[PDB]
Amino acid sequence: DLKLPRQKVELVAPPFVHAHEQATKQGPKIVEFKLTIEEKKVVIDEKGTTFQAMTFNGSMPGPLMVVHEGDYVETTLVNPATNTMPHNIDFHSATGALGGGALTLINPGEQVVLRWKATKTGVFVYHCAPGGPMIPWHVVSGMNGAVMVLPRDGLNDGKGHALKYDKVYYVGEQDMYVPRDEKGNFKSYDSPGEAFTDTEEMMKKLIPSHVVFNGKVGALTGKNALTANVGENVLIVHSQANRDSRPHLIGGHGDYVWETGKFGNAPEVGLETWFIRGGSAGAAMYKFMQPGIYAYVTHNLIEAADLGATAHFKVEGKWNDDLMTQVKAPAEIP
């Protein structure tokens, strides 16, 4: 029935985001995406702790999908025979059938094609949700990402002015539940199935062992720090499919923040810390004013420093002594 132009997208791994227009002169299209599920054992910390991950496209989070209001999003979800479990996909951006979950349950060896109309603007979670107790388990195993549905005129500040970002990053935060043995060491398992009983017992106690960005402690640091220049406006999309988070850019602010993540609402301005409700994505933009290192954290600092939830930005440019200066360096007290 639907006679619109088709456009394929090549997804890219987080924290990067596939190329897209903000404001566009294009009308509605069918935008085609493919997600291939991968179950795999991964390392999640600098001590070598392992984890039975379940992923869309091999990454935690799954990749960010970007479309415009009124596009139709046509996703081919593939569950190769090399996996062990059934999986599906639920888009919080979509209307009907449990977000798509009730139309996309696929066994290993199967694929399915779902299309949904992007009638709601904002950033939104997508996640697997097979049914029953499997729902939380697949999500906290890594099976979640986000989609961004932009207005065709791009973003605005609510107050008729345009808000154009120079770059966008997607920070997906993952609460992980890795059981410990009697010694107190993290356990390793041979399969997701074998991890399930211990993992569920821990999950129900509601305290994660690890809280990470991009799948691992330190993932968004060093060579893989986020980057900017003084003068650049950066959009940071943050998602958490299961548990609340409170993002904060140390040394910066949220100049324009949609903490509930939905562009039909004006952004708030000048925030220190914002709040991502578990089961949602939000977004914050900041124009960098100072060079140097920044940390981007959840501002439960225990989670940030001790459980994994810290990213870095490395920012180039000229220091602004008007905004901040060390008037007197450390010295002996007179």
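All residue numbers refer to positions in the sequence shown, first residue = 1.
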Fill in the blank from the handout: Higher of the two mean Cα B-factors (96-104, 208-216; per PDB record) comes from 96-104
Fill in the blank from the handout: When mean C-alpha B-factors in the record are compared for 176-184 and 250-258, the larger belongs to 176-184
Completion exercise
Residue set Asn300, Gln26, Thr55, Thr49, per-entry CA B-factor max assigned to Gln26
Practice task
Would you please rank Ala311 by its C-alpha temperature factor against the other modelled residues of its chain and give the third it falls in: lowest, middle or highest?
Solution key: lowest
Handout entry: Relative C-alpha B-factor of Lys164, binned into the chain's lowest, middle or highest third
Key = highest
Exercise for the section: Pull the Cα B-factor of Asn144 out of the PDB entry and bin it into the chain's lowest, middle or highest third. Expected result: lowest
Problem - Position of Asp244 among the chain's modelled residues by C-alpha B-factor, lowest, middle or highest third - result: lowest
Practice task
Could you look up the Cα B-factor of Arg152 in the entry and say which third of the chain it sits in: lowest, middle or highest?
Solution key: highest
